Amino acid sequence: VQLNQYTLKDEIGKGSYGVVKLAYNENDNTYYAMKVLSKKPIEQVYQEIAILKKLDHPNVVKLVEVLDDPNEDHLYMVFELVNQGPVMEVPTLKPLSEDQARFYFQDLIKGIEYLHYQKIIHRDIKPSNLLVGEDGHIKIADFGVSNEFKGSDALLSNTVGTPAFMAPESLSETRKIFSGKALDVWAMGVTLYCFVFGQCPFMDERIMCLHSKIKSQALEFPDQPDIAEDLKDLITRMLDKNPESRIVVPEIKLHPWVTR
């Protein structure tokens, strides 16, 4: 299976809409990550390509090129390979230590700050989208449902992303408008909870009940593992159900748990 200079190898991950395969470039003798898409909507993908083309940051995955044939049903996005894969799998019985969670969370902060400055809402922040590169640092991946905005913030109404990480204000049943940056903060909070507990803070196999818990269940910390009180404070502020009082990224950067 060869596509121009690339030989397609085995699957390595899930992308938004498609699959991600390891790929070998015969021109430069180098492995890449290739997202394969079958046209089944397509406007969302070219916005993703358009977003990826504008981005250049150490904590954000790089799009290398796009293989688009108006003849073939398949479309190929070639990314840099982030060789060590996701930072963790959720759920797990072996979560990160606090020191590891802080190390990775610092990369997540820098990446999100950059995305928001570039006027991008990621909308699908979660551990499986935080890939560990050759030097051990995080690269944010999967911009399949991301939004670009003008001005100070996005004003959104559509519900997209991974359900366990969706912010409560995005789950109104009345097409209400909500702002974008606070959505990424909420998902960063679910992610940090995942880092140290190995499972999501709101869980239910019934999607109605999952939504109801995100919107209405008080955050609860498990007795074990016993995490520091300032980390509990930071998670609590990021998982504030009210997006208006939810901690903002400039404050996360200063939080005493982050800076120690």
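Think of the rigid core as the biggest set of C-alphas that the two forms share within 1.5 Å after superposition. A residue's number is simply how far along the shown sequence it sits, counting from 1.
Relative to the shown model and aligned on the rigid core, the C-alphas in 8 other deposited structures of this protein deviate most, among 14-22 and 236-244, for 14-22. Comparing 29-37 with 190-198 in 8 other deposited structures of this protein, after superposition on the rigid core, the stretch with the greater RMS C-alpha deviation is 29-37.
Where coordinates are absent for parts of the deposited sequence, a chain break appears; between neighbours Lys40 and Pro41 it spans 10 or more residues.
Stretch comparison (104-112 versus 146-154) by mean CA B-factor in the PDB entry places 146-154 on top.
The mean Cα B-factor in the deposited entry runs higher for 72-80 than for the other of 72-80 and 182-190. Per the PDB record, residue ranking by Cα B-factor puts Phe197 in the middle third of the chain. Among all modelled residues in its chain, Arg206 ranks in the middle third by Cα B-factor. When the CA B factors of the chain's modelled residues are split into thirds, the value for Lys126 lands in the lowest one. Annotation for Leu93: C-alpha temperature factor in the highest third relative to the rest of the modelled chain, per the entry. Residue-level temperature factors show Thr174 in the highest third of its chain, judged at the C-alpha atom.
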